[PDB]
Structures are given as structure tokens and as C-alpha cells.
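J.:
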Amino acid sequence: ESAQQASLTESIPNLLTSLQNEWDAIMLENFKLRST
Amino acid sequence: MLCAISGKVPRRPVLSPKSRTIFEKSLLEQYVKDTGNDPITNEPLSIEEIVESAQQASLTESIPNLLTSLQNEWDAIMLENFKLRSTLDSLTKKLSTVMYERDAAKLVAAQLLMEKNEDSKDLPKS
Amino acid sequence: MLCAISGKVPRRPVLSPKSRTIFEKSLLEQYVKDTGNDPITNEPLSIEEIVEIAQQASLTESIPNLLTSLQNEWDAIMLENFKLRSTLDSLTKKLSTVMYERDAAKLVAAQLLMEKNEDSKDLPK
Amino acid sequence: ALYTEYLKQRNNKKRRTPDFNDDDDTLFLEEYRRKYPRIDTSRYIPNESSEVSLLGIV
Amino acid sequence: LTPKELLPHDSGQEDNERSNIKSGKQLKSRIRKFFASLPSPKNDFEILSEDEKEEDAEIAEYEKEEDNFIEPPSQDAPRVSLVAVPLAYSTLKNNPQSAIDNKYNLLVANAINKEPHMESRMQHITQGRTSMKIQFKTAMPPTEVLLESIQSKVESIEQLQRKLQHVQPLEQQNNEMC
């Protein structure tokens, strides 16, 4: 055997808008990678 | 970002495989040529042991950091419930003693309104 | 089986030595970094005092439904937290109304005993 | 299947939709809005205390 | 007999003793820890204890000062209240269990009335409309004070993130050509 990520000022979106975009970008990329 | 030996910004970082710590190459090489050791834990370390693929990465921003974010949301909300549960066992314990001393005193108030009216009933008839 | 801070089934439990209570490592550390005390007994305890002390995996059902399941559980937990707070402020409020009538009744007892003392003087004459 | 169809699973936007003088399930909805605003003000209060400094170091 | 700065210290100690008797004997609940004035609710609750409820309602309106204040000739109490507290304590394992059982019945009654609710619905959305007024204006102030500072350094962040996606794309074609 520190990293800092500044959370956005408009942080509801972590449940709705951020979480859908993470599982969209996971889904579309790997399928495009199988196409690759 | 820093070198643990000097404190400067290392321009050639190498990480040791005995105590994980980012050392500058020209500094740690002189430490190894002095004695064959790692400066933090004083374990044995050689020059070939110190080391400076295909999956592309992106910067750590607000999936994994989003899952660790919702841990912080809920572990803080769990402490918020304890501020409530510990305050509830103080107000209800005080309510049990207040309602008991109210139930024990109202029997005395019911007897004093009897006795002060009975003494007024006794004295005026005489 | 239950951490006595959040009530979760602890995945890295730690026990306090000043009071017999198995806590979770993450939740007890946040309390000690706030104030150097034990949440149950309010005794002076530190992070080095903790001694780091059944795992059964959930297998929900036979993925888009699991998104709306998580949405419902955070929706319910936010309401199961809110309802337990307004209950606390109203039981403290209704305790306050008992404290005024407790102190007001023991002042009414002062004039009632005076009427009994005035009557005992008149009965003797 | 979601990538082949190109369709995304819908999230719940009901908390934006809530309206006054509605039934008991929507009374749960408006109290949900109160808990979200108290959490949002608490989250905004941490960012203000941190300052840009936290955006600067990253 | 020659006093110097002693009668001033004695007058200060006598004034400190008189303030300690007035602060303690003012009210038991008001001095310890934590209401709107309503003479209509005292008139409506007359039909209860039906004598002591009106004694406690007039005591609550007097200590708080559509509100008229009348009698602060109630609370010289400090010796009569001490005899009244000691006489009531004498009239008051078995008593500890009867208080814990009644506290569990009141806790079950508090959990049942809350469960039935989740008139009253119009007040909660108006408290939320007060919150949505207060918190979101505080949010829009904290966002725009942040966005004047963060969106400048977001562009410092995001355009340097875009340098990584070109440094990675130049790295792969060079490693392929190597």
C-alpha cells in the first residue's frame, strides 16, 4: 500500500442527472468498443 | 506532487516497492548509493527496485467518485439521526418525570380544594 | 449485529473501551474528530482507544428497475428522517407546556393553603 | 440492450413536478422537497467554507 | 471605624444577591430552556382541568410579556415555593417501572399519530414555500458567488482536461509508430 474533486455548485442532480449520464456513458462506450 | 525526502516538486518521480512513497529519482538514488535502504521505513531497497498501459484514463471528477460521494451523504445523515435519538431519550425521560410529578401533585391539589372548602363549610355553619 | 450510531450491519466494526459498545470505524471516527468523546456515555475516548473488531450478501432478484428502487429508498429514508425530527420538536414543545402548568399549580397551592390557614384560625376562635 | 436501442432508462423527476393543495402521497412529495432543500443548503455551506482554494488545488 | 471602597463593594454584593433572587424566582420554565398569545384558545379550552387550565393559561400570558398583560403581582415567591416543593415531594423500584411503562405507551401514541398523517397539508407546503424562498435565494447567491470564481477555474480545469485527451491520442499513434 490525496486526490481532490471539487463538487459542482449545482450539486437531486446527483440522483437524477449525474447518475444517468454515468450509466449512459458506460453503456454507449463499451458498445462502441465492441463495434471497434 | 512532493518528494518526501526534500519537500520540493520532483521533476523525475520514482516510486519504491517497499514503502510506497513518491521520491525524486536523483535524490533517492543518492540515498540508495549511501546505504541500500528506503528512507521512510528503513527496509532494504535497491536501484532496480525503484521504478519510475493501454486503457486511457480521465481525470478524477465529481462513477467511482459518485459512489463514494453517496457514502458521505448517508454516513453524515446517519449521524444526524443520532443527534435526534439521543435528544429524544432526554426529553422523554424528562417528560416521564414531569408527568409523574404532575400526577403526584394533582392528587394533593384535589385534597386541598376539598380541605379548604370543607373548613369553609365547617366554620360558616357554626 | 447493529452499530449503535446508524444501525447498519457493520462491515468494519470497532469497539470502544470506555463503554461497552461496538461501533463502525467510519462513524465513530467522525464523532471523535468533532469532540473527543463517546456518543453513548460521554466519556473521554480517543481514536487509538478503539479496538477493531456474519457477512451475508444480498441477492435482490433476477437493472433499470434497480435504478428506480434506489430512487425510492433515498426518497423513503429522507421522509423517515424528516418525520422523526418534527416528532422530536413537538414532544419537547408539549413537555414545555407541562413545565409551565407544573410551576403554575404549585403557586395555586400557595393560596389554597392560605385559605386553610385562615380557616384554622377561625375554627379555633 | 440500452446501447443498441440507444434509449436511456428514465429517472424520477417527480420532485420538480410537485404542486400545492394535493393528496397524501403528494404531501410526502412536498416534505421530500423540504429535506432536499435543507441538504442543498448544507452542501452549499461546505463549498462556501472551502472557498475556491479547493477548486484551486485540484 | 473607617470604611473605604467597602460600602461600594457591599452595595454591589447586595445588588448581586438581589438579582440572584429575582432571576431564580421569575419562572421555572422560562429560565431553564424553551408561543403565540391567544385569548380565544383560553376561552375555548374553558369547557379539561377546568380550573387549573385557566390558571396556567393566565400564567403563560403574564410571563410572555391581541395580547393584554395584567398581573406581575405573582412571582417574593422564593420562600413559599421552596416549602411547596418540599411538601409535594414528601407526598410523592415500583414507581420507576410505572414511569417507564407509561413512557412507552406515550411513545407508541407519538408514533401512531405521525404514521397516520404521512388543512394540515396546506401549512407544510407554505413552510416549504418559505424554505424555497429562503434557501434557494441563499443557493443562488452561493452559486453565483461561486460561479463568478469557479466557472473561470472550471474553464481552467476543463480545457486542461481537453489537453489530456489530445496528449493521450498523440501517445498511442507514436507508440504504434515506435
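Residue numbers (PDB author numbering), protein chains in the order written: chain p, 52, 56 to 65, 77 to 101; chain o, 1 to 52, 56 to 65, 77 to 140; chain r, 1 to 53, 57 to 65, 77 to 139; chain t, 60 to 117; chain c, 332 to 365, 370 to 382, 384 to 401, 411 to 420, 422 to 438, 444 to 469, 482 to 541. All residues carry an ideal CB built from backbone N, CA and C; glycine is no exception.
1) Within the same chain, show all residues whose beta-carbon is closer than 6 Å to that of c/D412, passing over the 5 residues directly before and after it, in chain order.
2) What three-state label does DSSP hand c/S354 in the structure shown?
3) Can r/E52 and r/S16 be called in contact, C-beta distance under 8 Å?
4) Taking only beta-carbon positions, decide if p/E64 is within less than 8 Å of chain c.
5) Quick check: o/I5 and o/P13, are their CB atoms within less than 8 Å of each other?
6) Tell me, please, whether the region 515-527 of chain c touches the region 126-134 of chain r by the rule of three or more beta-carbon pairs shorter than 8 Å.
7) Of the residues r/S26, r/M1, r/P138, which one's Cα is nearest the Cα of o/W88?
8) Taking 8 Å as the threshold (beta carbon to beta carbon), is o/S83 in contact with chain A?
9) With a 10 Å radius around its C-beta and 16 neighbouring C-beta atoms as the bar for buried, classify t/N106 as buried or exposed.
10) Among all the DSSP beta bridges, which residues are the ones paired with r/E24?
11) Measure from the alpha carbon of t/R102 to the alpha carbon of each residue in c/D392, c/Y435, c/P505, then state which is nearest.
12) Select from c/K400, c/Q528, c/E386, c/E521 the residue whose C-alpha is nearest the C-alpha of p/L62.
13) Count the other CB atoms, across all protein chains shown, that sit within 10 Å of the CB of c/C541; report buried if there are 16 or more and exposed otherwise.
14) Would you identify the three-state DSSP class for r/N37, choosing helix, strand or coil?
15) Indicate the three-state DSSP secondary structure (helix, strand or coil) for t/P105 in the structure shown.
16) Between which two residues does the alpha helix (DSSP H) holding t/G115 run?
17) Would o/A118 pass as a contact of c/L438 if the rule is Cβ separation under 8 Å?
18) Can you check which of these residues, o/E24, o/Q59, o/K108, o/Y114, is closest to c/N445 by C-alpha distance?
19) Quick check on the burial criterion: 16 or more other C-beta atoms within 10 angstroms. Buried or exposed for c/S427?
20) Indicate whether at least one CB of chain o lies closer than 8 Å to the CB of c/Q531.
21) Helix, strand or coil: which one does DSSP assign to r/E52?
22) Could you check if t/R92 is buried or exposed, using at least 16 other CB atoms within 10 Å of its CB as the buried criterion?
23) Can you give me the C-alpha to C-alpha distance between o/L98 and r/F96, rounded to a whole angstrom?
24) Alpha helix (DSSP H) containing o/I77: first to last residue?
25) Exposed or buried, what is r/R116 when buried is set at 16 or more other beta-carbons lying within 10 Å of its beta-carbon?
T.: The structure says:
1) Here residue 412 of chain c corresponds to residue number 67 of the fifth sequence, with the count starting at 1. Cβ neighbours of c/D412 beyond the five flanking positions: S372.
2) For this step, residue 354 of chain c is matched to residue 23 along the fifth sequence. Three-state DSSP puts c/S354 in a helix.
3) Counted from its first residue, the third sequence places residue 52 of chain r at position 52. Counted from its first residue, the third sequence places residue 16 of chain r at position 16. No, these two residues do not count as a Cβ contact at 8 Å.
4) As a position in the first sequence, residue 64 of chain p is number 10, starting the count at 1. It does; some Cβ of chain c falls within 8 Å.
5) In the second sequence, the residue the question calls residue 5 of chain o occupies position 5. In the second sequence, the residue the question calls residue 13 of chain o occupies position 13. Taking 8 Å as the Cβ cut-off, o/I5 and o/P13 do not qualify as a contacting pair.
6) The count of Cβ pairs closer than 8 Å, one atom from the region 515-527 of chain c and one from the region 126-134 of chain r, stays below three, leaving the stretches out of contact.
7) For this step, residue 88 of chain o is matched to residue 74 along the second sequence. Among r/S26, r/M1, r/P138, the Cα nearest to that of o/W88 is on r/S26.
8) Protein chains p, o, r, t and c are contained in the structure displayed, whereas chain A is not.
9) Counting from one through the fourth sequence, the residue named residue 106 of chain t turns up at place 47. With 16 or more other Cβ atoms within 10 Å, it is buried.
10) Counting from 1 along the third sequence, the entry for residue 24 of chain r is found at position 24. r/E24 is bridged to r/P13.
11) In the fourth sequence, residue 102 of chain t corresponds to position 43, counting from 1. Across the set c/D392, c/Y435, c/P505, the C-alpha of c/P505 shows the shortest separation from the C-alpha of t/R102.
12) Within the first sequence, residue 62 of chain p is the residue found at index 8, counting from 1. Cα-wise, what sits closest to p/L62 is c/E521.
13) Taking the first residue of the fifth sequence as position 1, residue 541 of chain c is located at position 178. Label assigned to c/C541: exposed.
14) For this step, residue 37 of chain r is matched to residue 37 along the third sequence. The three-state secondary structure of r/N37, taken from DSSP, is coil.
15) Mapped onto the fourth sequence, residue 105 of chain t falls at position 46. DSSP, read as helix, strand or coil, puts t/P105 in helix.
16) Taking the fourth sequence and counting its residues from 1, one reaches residue 115 of chain t at position 56. First-last of the alpha helix (DSSP H) with t/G115: 112-116.
17) For the purposes of this step, residue 118 of chain o is identified with residue 104 of the second sequence, where counting begins at 1. For the purposes of this step, residue 438 of chain c is identified with residue 92 of the fifth sequence, where counting begins at 1. A distance below 8 Å separates the beta carbons of o/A118 and c/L438.
18) Taking the fifth sequence and counting its residues from 1, one reaches residue 445 of chain c at position 94. The shortest Cα separation from c/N445 among o/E24, o/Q59, o/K108, o/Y114 belongs to o/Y114.
19) Counting from one through the fifth sequence, the residue named residue 427 of chain c turns up at place 81. Flag for c/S427 reads buried.
20) Start at 1 with the first residue of the fifth sequence, and residue 531 of chain c comes out as number 168. The beta-carbon of c/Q531 is placed less than 8 Å from the nearest beta-carbon of chain o.
21) As a working note, residue 52 of chain r is residue 52 in the third sequence. Strand, per DSSP.
22) Here the question's residue 92 of chain t lines up with position 33 in the fourth sequence. Result: buried.
23) Indexing the second sequence from 1 puts residue 98 of chain o at position 84. Indexing the third sequence from 1 puts residue 96 of chain r at position 82. Taking the straight line from one Cα to the other gives about 11 Å.
24) In the second sequence, the residue the question calls residue 77 of chain o occupies position 63. Run containing o/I77: none; DSSP gives neither H nor E here.
25) Taking the first residue of the third sequence as position 1, residue 116 of chain r is located at position 102. Label assigned to r/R116: buried.
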